[PDB]
Each structure stands twice: as C-alpha cells, then as structure tokens.
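Peer 1: Have a look at the structure that comes next, please.
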Amino acid sequence: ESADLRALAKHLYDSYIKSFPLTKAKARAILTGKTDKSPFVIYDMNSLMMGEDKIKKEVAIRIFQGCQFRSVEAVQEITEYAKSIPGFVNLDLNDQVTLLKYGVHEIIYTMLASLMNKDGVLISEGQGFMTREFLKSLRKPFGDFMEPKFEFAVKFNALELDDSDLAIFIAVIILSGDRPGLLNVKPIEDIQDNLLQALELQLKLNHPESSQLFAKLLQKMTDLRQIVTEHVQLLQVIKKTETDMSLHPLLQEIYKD
Amino acid sequence: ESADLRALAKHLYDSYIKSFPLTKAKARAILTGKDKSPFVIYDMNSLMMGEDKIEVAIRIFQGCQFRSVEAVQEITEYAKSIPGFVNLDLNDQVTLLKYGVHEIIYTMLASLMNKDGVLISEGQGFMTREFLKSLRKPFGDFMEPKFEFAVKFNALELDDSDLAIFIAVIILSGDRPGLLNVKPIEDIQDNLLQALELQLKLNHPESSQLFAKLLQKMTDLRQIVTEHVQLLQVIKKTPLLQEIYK
Ligand SMILES: *[C@H](C/C=C/C(=O)/C=N/CC(=O)O)CCCCCCCCCCn1nnc2c1-c1ccccc1CN(C(=O)CCCCCNC(=O)C(F)(F)F)c1ccccc1-2
C-alpha cells in the first residue's frame, strides 16, 4: 500500500527533524537571505580571529580539530536517527555497529552538503559561514580536505532535495547489506527494500517533474563512497606529518576498517 | 509510451547479441552443463597444456590485457548502436568510452564467472579461482575481488536482455571528467534508465527493487575499477606492443 510507505516516510522525516538541530530548510534560509539568521563570515585570518568574539595551537589544526569534534557530534545524532529506523534495533548488535561504522561518514558528507553552497560552508550551527577559499588556503596538507566535499555538494545540491527526501535517503544508506563483516545480510536487505520503496514513492510524489530522480539520487552513493576513501587517505597523511595531533577515539574506532 | 521503452530494450538486446559473441545465457550453459566441456586450468601443467588446446602470473595477466583490448572494440560497436550516442560531440563519445570501458569489462566478466572460476577464450577454457589466487604477488589478490563482486552481482540473476540496457546506462554517464556537453548524454541516460526500470519490472516481476539494487552495484564497479588501476600502477614497477596495450 502506498499509504504504508507514506507512513514510513512520515515516520522517518519526523525522526530526522528530532535528531538533527540544523535542517536543510534552516540552512537554506540562512544562506538564501531570509536579517536575524545572518552568519558572520570567515574568509581570512583576521575574520577568523574575530569569529570567536561572537561565534562558538595552530590555525589550520584548530579548524581541522573543530571538524573532528563536530563530526563526533554528527555520529551521535546519526546514531540516534538510526535507532528510529524501524527494524535497525532488532538487528544483531554487531551488525548494528558495523552499519553505523560504514554509514556514518557517507551520511555526514550528504548532510554536510545542506550546509554548503559553491562559495562556502556554514559553521557552528549556522552562526558562522566559512568561505571555501579560506579553507582552500589552509597550509598543506590541510588545504584540500574540504575541496572534494564542496564538489560533491554543488553536484548533489543540484538535485534540489528537501529534508523529507533526505531523511529516507540517509536511511537507505545506513541499511546497506553489502557492508564488510555483516553477519546477517538478509534481514538488512529486507529493511532497505522498504526504505528504497519509501524513497521511490516520496521522490515521485515530492518531485513529479524530476524524471529518474530516484536513479539519479542512487548514483550519488558512488560519489559519497569515493569521497570517504579520499578522506581516509588524507587522514593517513595527517597522522604521519602531525604526530602531535590527537584524534577523537570514536572517530578513531570508525576508521578501523 | 512504454512501447518506445520496449522498442529501445529490444533494439539494445539485438545489438548486444551481435556485438558480444559469448553471451551470458551461453556462458551460463557452459558453467552449469550443456556439448564439449571447456579445458580446465587449475595447475601449472594445465596452463601449459591449455596453450595447445587453445612467465606465469605475467603471461596470464597479459592475456587478460589482450582480451580487454578485444572487448573495448566490441563495446565500442555496441555503444554506436545506442540511440543518440553517435550524434554526440565526438570528444564526448571518446570520453564516455574511455572511462566506461573498465566498468563494462567487469560487468560482463561477471557473466563469465562463478564462485569457483572464470571462463576464458570465448568459453573454450576455464581457469580456477583457486589457481588464480595462488599466483605470486601482486597478481594473486588481483582477480580475487572480481570474483567477490561477481558473486554478489550474479545474485541479481540478470539476463542478457537486462545487461544490455544496464551496459548502455554505464556508457552514458554524465559525470565522466572532461565532458564538453553533458545535457544530451544525461538526456539519453535518463531514457535508458527508464527503459531499464521497465525491463526489470516486466522481466523480473517478483524481484522487488531490483532496479535499485542494480544501480547500487555501480559503486562496487567504480571501486573495483579504481582498485584495478591502483594495482596497474604497482605492476608498472616490476616494444611496439606497449603501444597496442597502453
Ligand atoms: C569541518 C567539516 C569536517 C568534515 C570531516 O570529515 C572532518 N573530519 C575530521 C577527522 O579527523 O576525520 C568544516 C567546518 C564545520 C565545523 C566547524 C565548527 C565550528 C568551528 C570550530 C568550533 N569548535 N568546536 N569545538 C571546538 C572548536 C574550536 C575550533 C578551533 C579553535 C578553538 C575551538 C574551541 N573549542 C571549543 O569547543 C570551545 C568553543 C567555545 C564556544 C562556546 N560553546 C558553544 O557555543 C556551545 F554551544 F556551548 F557549544 C575546542 C577546543 C578543543 C577541541 C575542539 C574545540
């Protein structure tokens, strides 16, 4: 029944709102220009220095560390979202852990896109805006840790997806049966099938003009996966150059691979 | 209506059969059973005998490279059959082929594989998965991931009629770096995706979200292709012919 699917979609969007403080709707409202939500813009070292004044070791490091802690917060939110996904909690506790481990980053980057536009990314819950150019400036190797993400974002944001659509998509991503180490694939695959179903409908209903958005959207997983692998590599390098730099344990456990 | 999509699917199927000599249906008969069994290569002597029926890991690897080249031409001719593909800016065509060929090679390679091995020489022979893995590094783990991808891919239980469209979709990928005009490519891909979706519903009505699962497979493909070149670079570190193969 279409209604059965709609109900699932409603259930997910509702969990998504509850789980994530900064929706895409809000992020867009801040970026688009709708006088009380206006972000302080960071485009240089001075502005960065000022940013602290009102916004929430070394400059490049301090920024990199800022991301790390911020991702940890994302993992917590995503993890909370996952529990809401009908079925996920019933799954064998090991796989629950495995799906999270592989999914979390792909989701982080998908959602990160909601915060981005061609020339920058929102920071500190939307209180600030860091310009792409500044990040790109950052002393090597950090200089190009956000670059790939911006490229994905601009391509992804083009689909014009709404929080409602994303909630289901993010859900599909978590429940991927082909994740290394899975003990029970079949139970996971049946959940996804439902989600894929819920998404397929949602997109059709939400984006009637958008032909094959479902397929277009599913192809993006390729780009997400591509990004993650690039990041890991970059991380490898940073750990070697910067033996001083600490990594959050949660993040460090996910990268186990 | 759907008649256009069914026309496109039939057209692609017929072109696919013409372009590709050893089909999945045909490779499948050989794997399972049904005339002359292929010559089985499982050990060194079998390889040595095999040459006569039809310097180790290297000779084997070059032969895949030789066969890849052959496929590239077979894929090209097939690509040309795809409606709109020839009309495209010629630079774009060369590009879509240049970046699509590896992905398509492995897709079809899966048609030749089963959990225990892979058919070779238009099905005249069979190389064991065990023998391949054995091969000295880095050749050993080289094939091993394809088998894994194949096993998962084959589960979808696709047929030549389904792959034909699927093949087409890969070729018309609008992301490929350096494309001069994306709109028409995407526009055609969009039409292929529609055709594939319907083909899969009609052909595999019981299968739920097969279309979706097939589309997800592309991630695997790209990772495999990325791994492949990753290994190829490493090979580089260990006359005319270099040119033919490049
Ligand atoms: C980053 C996107 C990253 C994607 C990745 O994949 C990253 N991977 C990392 C990895 O290792 O794999 C793009 C930018 C988005 C995040 C930017 C967030 C805002 C900027 C950093 C703010 N911040 N947050 N936590 C810390 C910092 C920070 C950064 C730089 C210098 C100093 C600090 C200070 N700091 C604090 O937490 C104190 C903040 C006081 C403000 C009051 N607090 C609040 O507003 C509230 F609401 F109560 F939270 C700090 C100290 C130590 C370690 C981290 C931070």
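Labels used: A, B, ... for chains in the order of the structure tokens, numbers from 1 for residues in each chain, and numbers from 1 for ligands as shown.
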I want to know what sits within 9 Å of residue 81 of chain B, based on only C-alpha atoms, with residues of the same chain fewer than 6 positions away left out; could you give that as a compact mmCIF listing (two decimals) with N, CA and C atoms, in the first residue's frame?
Peer 2:
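around-v7.txt, written as the output of this step:
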```
# COMPACT_ATOMS: atom_id res chain seq x y z
N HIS B 11 15.89 -3.26 -29.16
CA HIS B 11 16.96 -2.79 -30.02
C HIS B 11 18.30 -3.05 -29.35
N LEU B 12 18.40 -2.69 -28.08
CA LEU B 12 19.65 -2.86 -27.34
C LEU B 12 20.04 -4.32 -27.19
N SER B 15 21.34 -5.57 -30.56
CA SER B 15 22.67 -5.01 -30.79
C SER B 15 23.71 -5.69 -29.90
N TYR B 16 23.30 -5.99 -28.67
CA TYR B 16 24.16 -6.60 -27.68
C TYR B 16 24.55 -8.00 -28.10
```
Peer 1: Skipping near chain neighbours, those fewer than 4 positions away, what residues fall within 8 Å of segment 94-101 of chain B using only C-alpha atoms, listed as a PyMOL selection string?
Peer 2: chain B and resi 72+75-76+90+105+170-173+176-179
Peer 1: Any chance you can output those residues with N, CA and C atoms as a short mmCIF file (atom, residue, chain, number, x, y, z; two decimals), in the first residue's frame?
Peer 2:
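The resulting file, out_19.cif, is reproduced below:
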```cif
data_model
loop_
_atom_site.label_atom_id
_atom_site.label_comp_id
_atom_site.auth_asym_id
_atom_site.auth_seq_id
_atom_site.Cartn_x
_atom_site.Cartn_y
_atom_site.Cartn_z
N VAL B 72 37.12 -3.91 -25.80
CA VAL B 72 36.98 -2.46 -25.97
C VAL B 72 36.36 -2.14 -27.31
N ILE B 75 32.73 -3.36 -27.33
CA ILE B 75 31.93 -2.40 -26.57
C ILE B 75 31.66 -1.15 -27.40
N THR B 76 32.66 -0.75 -28.17
CA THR B 76 32.57 0.45 -28.96
C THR B 76 31.43 0.27 -29.96
N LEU B 90 32.02 14.27 -30.78
CA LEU B 90 32.95 13.13 -30.88
C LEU B 90 33.91 13.02 -29.70
N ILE B 105 33.75 -3.85 -18.69
CA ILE B 105 34.50 -5.09 -18.79
C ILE B 105 34.20 -6.02 -17.61
N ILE B 170 25.69 2.64 -18.21
CA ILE B 170 27.04 2.92 -17.76
C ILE B 170 27.75 3.79 -18.76
N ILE B 171 27.58 3.51 -20.03
CA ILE B 171 28.31 4.22 -21.05
C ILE B 171 27.93 5.67 -21.03
N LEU B 172 26.64 5.93 -20.92
CA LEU B 172 26.15 7.30 -20.89
C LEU B 172 26.14 7.95 -19.52
N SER B 173 27.30 8.01 -18.90
CA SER B 173 27.42 8.59 -17.58
C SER B 173 27.86 10.03 -17.73
N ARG B 176 31.53 11.74 -16.24
CA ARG B 176 32.90 11.43 -16.67
C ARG B 176 33.69 12.72 -16.86
N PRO B 177 34.88 12.79 -16.25
CA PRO B 177 35.64 14.02 -16.33
C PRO B 177 35.87 14.47 -17.76
N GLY B 178 35.69 15.76 -18.00
CA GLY B 178 36.10 16.39 -19.24
C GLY B 178 35.04 16.50 -20.32
N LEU B 179 33.81 16.12 -20.00
CA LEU B 179 32.74 16.18 -20.99
C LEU B 179 32.39 17.60 -21.43
#
```
Peer 1: Neighbours of segment 20-31 of chain B within 7 Å (only C-alpha atoms; same-chain residues fewer than 5 positions away dropped), as a PyMOL selection string?
Peer 2: chain B and resi 74+111-112+122-123+159-160
Peer 1: Convert the current residue selection to file output with C-alpha atoms, as an mmCIF file, in the first residue's frame.
Peer 2:
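As written to disk, part_3.cif reads:
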```
data_model
loop_
_atom_site.group_PDB
_atom_site.id
_atom_site.type_symbol
_atom_site.label_atom_id
_atom_site.label_comp_id
_atom_site.auth_asym_id
_atom_site.auth_seq_id
_atom_site.Cartn_x
_atom_site.Cartn_y
_atom_site.Cartn_z
ATOM 1 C CA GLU B 74 33.231 -4.964 -29.103
ATOM 2 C CA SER B 111 28.815 -13.226 -16.726
ATOM 3 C CA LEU B 112 31.842 -15.492 -17.216
ATOM 4 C CA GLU B 122 35.291 -17.467 -25.693
ATOM 5 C CA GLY B 123 34.410 -20.233 -23.243
ATOM 6 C CA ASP B 159 19.985 -11.865 -18.172
ATOM 7 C CA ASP B 160 21.495 -10.595 -21.408
#
```
Peer 1: Write out as JSON lines the residues of chain B that have any atom within 8 Å of an atom of chain A, one row each with the nearest atom pair and its distance in Å to one decimal, counting only C-alpha atoms, sorted by chain and then rising number.
Peer 2:
```
{"residue": "B:190", "atom": "CA", "partner": "A:212", "partner_atom": "CA", "distance": 6.6}
{"residue": "B:193", "atom": "CA", "partner": "A:212", "partner_atom": "CA", "distance": 7.3}
{"residue": "B:194", "atom": "CA", "partner": "A:212", "partner_atom": "CA", "distance": 7.3}
{"residue": "B:208", "atom": "CA", "partner": "A:193", "partner_atom": "CA", "distance": 7.3}
{"residue": "B:209", "atom": "CA", "partner": "A:193", "partner_atom": "CA", "distance": 6.4}
{"residue": "B:212", "atom": "CA", "partner": "A:215", "partner_atom": "CA", "distance": 7.3}
{"residue": "B:215", "atom": "CA", "partner": "A:219", "partner_atom": "CA", "distance": 6.7}
{"residue": "B:216", "atom": "CA", "partner": "A:218", "partner_atom": "CA", "distance": 6.6}
{"residue": "B:218", "atom": "CA", "partner": "A:222", "partner_atom": "CA", "distance": 6.8}
{"residue": "B:219", "atom": "CA", "partner": "A:222", "partner_atom": "CA", "distance": 4.5}
{"residue": "B:222", "atom": "CA", "partner": "A:222", "partner_atom": "CA", "distance": 7.3}
{"residue": "B:223", "atom": "CA", "partner": "A:226", "partner_atom": "CA", "distance": 7.8}
```
Peer 1: Save the residues we just selected, C-alpha atoms, as a PDB file, in the first residue's frame?
Peer 2:
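selection-v4.pdb was written with the following content:
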```pdb
ATOM      1  CA  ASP B 190      17.607   9.215 -18.480  1.00  0.00           C
ATOM      2  CA  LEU B 193      17.237   4.297 -17.061  1.00  0.00           C
ATOM      3  CA  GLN B 194      13.529   4.426 -17.849  1.00  0.00           C
ATOM      4  CA  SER B 208      11.400  -6.151  -5.614  1.00  0.00           C
ATOM      5  CA  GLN B 209      13.605  -3.082  -6.068  1.00  0.00           C
ATOM      6  CA  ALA B 212      17.549  -0.008  -7.223  1.00  0.00           C
ATOM      7  CA  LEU B 215      22.002   0.818  -9.611  1.00  0.00           C
ATOM      8  CA  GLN B 216      23.817   0.474  -6.311  1.00  0.00           C
ATOM      9  CA  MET B 218      27.804   0.878  -9.746  1.00  0.00           C
ATOM     10  CA  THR B 219      29.522   1.856  -6.522  1.00  0.00           C
ATOM     11  CA  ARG B 222      33.858   2.091  -9.546  1.00  0.00           C
ATOM     12  CA  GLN B 223      35.719   0.869  -6.536  1.00  0.00           C
TER      13      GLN B 223
END
```
Peer 1: What do you get as a PDB file with N, CA and C atoms, in the first residue's frame if you pick all residues at most 8 Å from ligand 1, counting only C-alpha atoms and all ligand atoms?
Peer 2:
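Written out: part_9.pdb:
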```pdb
ATOM      1  N   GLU A  52      35.558  34.221  16.893  1.00  0.00           N
ATOM      2  CA  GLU A  52      35.428  33.733  18.275  1.00  0.00           C
ATOM      3  C   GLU A  52      34.543  34.730  19.050  1.00  0.00           C
ATOM      4  N   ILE A  55      30.928  34.077  17.566  1.00  0.00           N
ATOM      5  CA  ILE A  55      30.800  32.664  17.184  1.00  0.00           C
ATOM      6  C   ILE A  55      31.376  31.689  18.230  1.00  0.00           C
ATOM      7  N   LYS A  56      30.759  30.506  18.289  1.00  0.00           N
ATOM      8  CA  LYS A  56      31.183  29.376  19.128  1.00  0.00           C
ATOM      9  C   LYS A  56      32.354  28.558  18.520  1.00  0.00           C
ATOM     10  N   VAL A  59      46.306  27.663  13.597  1.00  0.00           N
ATOM     11  CA  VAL A  59      45.100  27.931  12.824  1.00  0.00           C
ATOM     12  C   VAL A  59      44.502  26.739  12.035  1.00  0.00           C
ATOM     13  N   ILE A  61      45.197  23.499  12.105  1.00  0.00           N
ATOM     14  CA  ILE A  61      44.914  22.439  13.056  1.00  0.00           C
ATOM     15  C   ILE A  61      43.605  22.741  13.798  1.00  0.00           C
ATOM     16  N   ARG A  62      43.476  23.979  14.289  1.00  0.00           N
ATOM     17  CA  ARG A  62      42.350  24.368  15.164  1.00  0.00           C
ATOM     18  C   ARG A  62      41.056  24.190  14.420  1.00  0.00           C
ATOM     19  N   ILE A  63      41.123  24.480  13.131  1.00  0.00           N
ATOM     20  CA  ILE A  63      40.000  24.293  12.239  1.00  0.00           C
ATOM     21  C   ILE A  63      39.757  22.817  11.977  1.00  0.00           C
ATOM     22  N   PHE A  64      40.837  22.087  11.730  1.00  0.00           N
ATOM     23  CA  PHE A  64      40.696  20.672  11.482  1.00  0.00           C
ATOM     24  C   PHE A  64      40.084  19.984  12.708  1.00  0.00           C
ATOM     25  N   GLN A  65      40.668  20.228  13.881  1.00  0.00           N
ATOM     26  CA  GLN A  65      40.122  19.712  15.144  1.00  0.00           C
ATOM     27  C   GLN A  65      38.634  20.075  15.348  1.00  0.00           C
ATOM     28  N   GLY A  66      38.287  21.290  14.951  1.00  0.00           N
ATOM     29  CA  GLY A  66      36.912  21.768  15.024  1.00  0.00           C
ATOM     30  C   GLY A  66      35.961  20.873  14.266  1.00  0.00           C
ATOM     31  N   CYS A  67      36.400  20.437  13.086  1.00  0.00           N
ATOM     32  CA  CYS A  67      35.649  19.493  12.271  1.00  0.00           C
ATOM     33  C   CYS A  67      35.492  18.146  12.949  1.00  0.00           C
ATOM     34  N   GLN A  68      36.588  17.664  13.512  1.00  0.00           N
ATOM     35  CA  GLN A  68      36.636  16.346  14.110  1.00  0.00           C
ATOM     36  C   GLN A  68      35.588  16.279  15.187  1.00  0.00           C
ATOM     37  N   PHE A  69      35.674  17.199  16.154  1.00  0.00           N
ATOM     38  CA  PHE A  69      34.714  17.258  17.262  1.00  0.00           C
ATOM     39  C   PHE A  69      33.289  17.389  16.718  1.00  0.00           C
ATOM     40  N   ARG A  70      33.149  18.190  15.670  1.00  0.00           N
ATOM     41  CA  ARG A  70      31.865  18.396  15.051  1.00  0.00           C
ATOM     42  C   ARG A  70      31.310  17.123  14.417  1.00  0.00           C
ATOM     43  N   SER A  71      32.174  16.339  13.799  1.00  0.00           N
ATOM     44  CA  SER A  71      31.744  15.059  13.249  1.00  0.00           C
ATOM     45  C   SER A  71      31.317  14.104  14.335  1.00  0.00           C
ATOM     46  N   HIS A 105      30.063   8.240   7.947  1.00  0.00           N
ATOM     47  CA  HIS A 105      30.744   9.218   7.108  1.00  0.00           C
ATOM     48  C   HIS A 105      29.957   9.577   5.856  1.00  0.00           C
ATOM     49  N   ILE A 108      27.435  11.897   6.870  1.00  0.00           N
ATOM     50  CA  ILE A 108      27.957  13.168   7.281  1.00  0.00           C
ATOM     51  C   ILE A 108      28.138  14.071   6.067  1.00  0.00           C
ATOM     52  N   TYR A 109      28.683  13.509   5.000  1.00  0.00           N
ATOM     53  CA  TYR A 109      29.001  14.282   3.802  1.00  0.00           C
ATOM     54  C   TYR A 109      27.767  14.661   3.029  1.00  0.00           C
ATOM     55  N   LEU A 112      26.342  17.345   5.111  1.00  0.00           N
ATOM     56  CA  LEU A 112      27.207  18.484   5.037  1.00  0.00           C
ATOM     57  C   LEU A 112      26.836  19.342   3.855  1.00  0.00           C
ATOM     58  N   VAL A 121      30.799  27.116   3.456  1.00  0.00           N
ATOM     59  CA  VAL A 121      30.071  26.196   4.317  1.00  0.00           C
ATOM     60  C   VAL A 121      29.701  26.870   5.631  1.00  0.00           C
ATOM     61  N   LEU A 122      28.506  26.551   6.112  1.00  0.00           N
ATOM     62  CA  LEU A 122      28.018  27.000   7.414  1.00  0.00           C
ATOM     63  C   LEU A 122      28.753  26.314   8.533  1.00  0.00           C
ATOM     64  N   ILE A 123      29.007  27.049   9.617  1.00  0.00           N
ATOM     65  CA  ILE A 123      29.725  26.537  10.780  1.00  0.00           C
ATOM     66  C   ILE A 123      29.014  26.877  12.091  1.00  0.00           C
ATOM     67  N   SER A 124      29.336  26.158  13.156  1.00  0.00           N
ATOM     68  CA  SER A 124      28.787  26.461  14.475  1.00  0.00           C
ATOM     69  C   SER A 124      27.259  26.604  14.453  1.00  0.00           C
ATOM     70  N   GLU A 125      26.564  25.566  14.007  1.00  0.00           N
ATOM     71  CA  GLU A 125      25.102  25.573  13.998  1.00  0.00           C
ATOM     72  C   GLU A 125      24.505  26.682  13.113  1.00  0.00           C
ATOM     73  N   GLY A 128      27.986  30.962  11.958  1.00  0.00           N
ATOM     74  CA  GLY A 128      29.046  31.480  11.124  1.00  0.00           C
ATOM     75  C   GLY A 128      29.044  30.846   9.749  1.00  0.00           C
ATOM     76  N   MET A 130      32.033  29.845   6.819  1.00  0.00           N
ATOM     77  CA  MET A 130      33.439  29.809   6.441  1.00  0.00           C
ATOM     78  C   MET A 130      33.508  29.658   4.944  1.00  0.00           C
ATOM     79  N   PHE A 145      41.185  19.423   2.226  1.00  0.00           N
ATOM     80  CA  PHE A 145      40.425  18.412   2.923  1.00  0.00           C
ATOM     81  C   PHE A 145      38.930  18.645   2.703  1.00  0.00           C
ATOM     82  N   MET A 146      38.554  19.887   2.386  1.00  0.00           N
ATOM     83  CA  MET A 146      37.154  20.231   2.149  1.00  0.00           C
ATOM     84  C   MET A 146      36.859  20.348   0.676  1.00  0.00           C
ATOM     85  N   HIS A 231      39.201  10.796   1.929  1.00  0.00           N
ATOM     86  CA  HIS A 231      39.413  11.313   3.273  1.00  0.00           C
ATOM     87  C   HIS A 231      40.338  10.435   4.114  1.00  0.00           C
ATOM     88  N   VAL A 232      40.040   9.136   4.155  1.00  0.00           N
ATOM     89  CA  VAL A 232      40.842   8.178   4.915  1.00  0.00           C
ATOM     90  C   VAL A 232      42.311   8.366   4.545  1.00  0.00           C
ATOM     91  N   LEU A 235      43.684  11.472   5.928  1.00  0.00           N
ATOM     92  CA  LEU A 235      43.901  11.253   7.333  1.00  0.00           C
ATOM     93  C   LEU A 235      45.198  10.480   7.583  1.00  0.00           C
ATOM     94  N   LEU A 247      43.433  12.436  17.764  1.00  0.00           N
ATOM     95  CA  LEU A 247      42.219  12.093  17.043  1.00  0.00           C
ATOM     96  C   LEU A 247      41.218  11.609  18.069  1.00  0.00           C
ATOM     97  N   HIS A 248      39.961  12.037  17.945  1.00  0.00           N
ATOM     98  CA  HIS A 248      38.916  11.591  18.874  1.00  0.00           C
ATOM     99  C   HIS A 248      38.732  10.074  18.721  1.00  0.00           C
ATOM    100  N   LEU A 251      35.860   8.642  16.498  1.00  0.00           N
ATOM    101  CA  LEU A 251      36.318   8.755  15.096  1.00  0.00           C
ATOM    102  C   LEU A 251      37.379   7.704  14.761  1.00  0.00           C
TER     103      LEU A 251
END
```
Peer 1: Do a neighbour search on segment 234-236 of chain B at 8 Å with only C-alpha atoms, toss out local chain neighbours closer than 3 positions, and write the hits as a list in words.
Peer 2: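 Once the nearby chain positions are removed, what remains is residues 138, 230 and 231 of chain B.
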Peer 1: Excluding residue 10 of chain A and residues on its chain fewer than 5 positions from it, collect all residues at most 12 Å away from it, counting only C-alpha atoms, and give them as a PyMOL selection string.
Peer 2: chain A and resi 3-5+15-17+85+163-168+195+198-199+201-202
Peer 1: Find the residue from A:143, A:51, A:249, A:177 that sits nearest to residue 234 of chain A; use only C-alpha atoms when measuring.
Peer 2: A:143
Peer 1: Can you tell me, as a list in words, what residues are no more than 9 Å from residue 45 of chain A when counting only C-alpha atoms, ignoring any on the same chain fewer than 4 positions away?
Peer 2: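 Those residues are residues 49, 50, 59 and 134 of chain A.
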Peer 1: As an exercise, work out the distance from atom CA of residue 118 of chain A to atom CA of residue 233 of chain A in Å and give it to one decimal place.
Peer 2: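 Pair atom CA of residue 118 of chain A / atom CA of residue 233 of chain A returns 24.4 Å.
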Peer 1: I need the residues in segment 101-231 of chain B that are strand (DSSP E or B) according to DSSP; give them as a PyMOL selection string.
Peer 2: chain B and resi 113-114+117-120+125-128
Peer 1: Taking the DSSP secondary structure from the backbone, can you list the residues of segment 16-122 of chain A that are helix (DSSP H, G or I), as a ChimeraX atom specification?
Peer 2: /A:16-19,24-32,45-54,59-84,88-90,93-115
Peer 1: Kindly indicate which residue among A:154, A:29, A:78, A:175 lies nearest to residue 187 of chain A, using only C-alpha atoms for the distances.
Peer 2: A:175
Peer 1: So, counting only C-alpha atoms, which residue among A:106, A:147, A:179, A:7 is closest to residue 152 of chain B?
Peer 2: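 When distances to residue 152 of chain B are compared using only C-alpha atoms, the smallest one comes from A:179.
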Peer 1: May I have the residues within 6 Å of residue 192 of chain B as a PDB file with N, CA and C atoms, in the first residue's frame, using only C-alpha atoms and disregarding those fewer than 3 positions away in the same chain?
Peer 2:
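New file result-v9.pdb:
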```pdb
ATOM      1  N   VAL B 169      23.520   2.155 -19.878  1.00  0.00           N
ATOM      2  CA  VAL B 169      23.412   3.158 -18.851  1.00  0.00           C
ATOM      3  C   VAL B 169      24.786   3.600 -18.380  1.00  0.00           C
ATOM      4  N   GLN B 189      20.842   9.033 -21.083  1.00  0.00           N
ATOM      5  CA  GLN B 189      20.932   8.113 -19.946  1.00  0.00           C
ATOM      6  C   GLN B 189      19.577   8.005 -19.280  1.00  0.00           C
ATOM      7  N   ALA B 195      14.023   2.801 -19.559  1.00  0.00           N
ATOM      8  CA  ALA B 195      13.951   1.524 -20.244  1.00  0.00           C
ATOM      9  C   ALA B 195      14.369   0.361 -19.372  1.00  0.00           C
TER      10      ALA B 195
END
```
Peer 1: For a quick check of understanding, using only C-alpha atoms, which of B:143, B:33, B:69, B:186 has the smallest distance to residue 243 of chain B?
Peer 2: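 Checking each of B:143, B:33, B:69, B:186 against residue 243 of chain B, counting only C-alpha atoms, the winner is B:69.
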